[PDB]
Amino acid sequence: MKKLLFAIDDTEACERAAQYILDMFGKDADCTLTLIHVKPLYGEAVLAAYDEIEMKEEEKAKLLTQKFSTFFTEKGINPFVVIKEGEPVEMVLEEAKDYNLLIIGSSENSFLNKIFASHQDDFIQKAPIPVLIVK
């Protein structure tokens, strides 16, 4: 079984990536798809918002994973979902160790390119498996 890991994001590039996976792997029987989303404290203001922020992120994680899950399940793919927490980029690369292909959507608004996202200089070099980049 070929294990695909798709790092989802709320971007149009990830929407194109989802369609592309379907176009390229949708008729493949020996193939599973896993959607990964990673839920991402200093100063009084940040500390007081902690609970509201944690709630917002849990809600965002559920909605985004459901949106991508529904996209696939109505078109013949029953994906797995993995929701992690930590630094998004590091957690994606760590999860990828157990898969055969990592798929990412690349765009300016990608979680990969956030100001504080890790591995912006070496992502492909650090990836333990092949990487498919869709724009």
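All residue numbers are counted from 1 along the displayed sequence.
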With respect to the deposited sequence, how many residues separating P40 from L41 are not represented by coordinates: none, 1 to 3, 4 to 9, or 10 or more? 1 to 3
Which is higher on average in the deposited entry, the C-alpha temperature factors of 93-101 or of 64-72? 93-101
Determine, for stretches 82-90 and 25-33, which one has the higher mean CA B-factor as deposited. 82-90
Here the Cα B-factor of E12, set against its chain, lands in the third termed middle
Would you check the entry's CA temperature factor for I133 and let me know if it's in the chain's lowest, middle or highest third? middle
